[PDB]
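What follows is calculated from the coordinates using simple rules that are stated; it is not laboratory data. Neighbour counts are summed over all protein chains in view; Cβ atoms, including those assigned to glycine, are modelled from backbone coordinates with ideal geometry.
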RNA sequence: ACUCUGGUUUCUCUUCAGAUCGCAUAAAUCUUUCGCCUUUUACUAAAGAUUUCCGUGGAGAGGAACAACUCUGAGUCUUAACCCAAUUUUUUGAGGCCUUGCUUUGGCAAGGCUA
RNA sequence: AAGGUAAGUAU
């Protein structure tokens, strides 16, 4: 019993709609939306620590996002080989 | 050269963490010393004691993937051509006889005789 | 970031 990954277009659509809270269609359930918003600093911390390095053009990262698009987390720790990382930054 | 030994990867969970949990390094709270002082919320910078957070290790448990592929260790780790013996055993000249002591007798003990 | 709200009655 493991959660299968969703297509990247699913979260794209979820973010694209429900953008403004003024819509009254999804206002019925907001405790699930509001309760997951306190972890915004966690999303900030995970996002900035996975910032791409100057030698990298595009960095695809695993993403853990709320079912309503309330918050998105970068579920990845930037592990780097120390000699490789130091040599890359020296270059 | 024989036989048995039986993994690695990955995702969770539960606990234990001495150790540079971390060859890196944040914040909060409290109690003392200050610095600003005029009241909160911020602070100044040292010490002491906590808590949280970003991470970490070991062990245990439960799933998945490559489950079929081999390891290591142990087990006795198992074979013939031609060439060899003065220090321990298949080439090794080490034989016998007698004396006297002594043992209930057998024998034993020492010496002598060699070839 | 505050210690910088007049208290109102009408529409």
**Request:** Sort out which residues of segment A:1-11 are loosely packed, with under 11 Cβ neighbours inside 10 Å and in a helix (DSSP H, G or I), and write them in order of number.
**Result:** A:8, A:9
**Request:** For segment A:17-32, indicate whether the set of residues that are under 12 Å from the mean Cα position of the chain (by Cα), surrounded by 11 or more Cβ atoms within 10 Å (Cβ to Cβ) and away from RNA strand B (no atom under 12 Å from the Cβ) is non-empty.
**Result:** no
**Asked** Which of the residues spanning segment A:45-58 are within 11 Å of RNA strand B (Cβ to nearest atom) and either surrounded by 10 or more Cβ atoms within 10 Å (Cβ to Cβ) or under 9 Å from residue A:73 (Cβ atoms) (or both)?
**Response** A:45, A:46, A:49, A:50
**Message:** Quick check on residue A:71: is it within 16 Å of RNA strand B (Cβ to nearest atom), over 30 Å from residue A:91 (Cα atoms) and surrounded by 10 or more Cβ atoms within 10 Å (Cβ to Cβ)?
**Reply:** yes
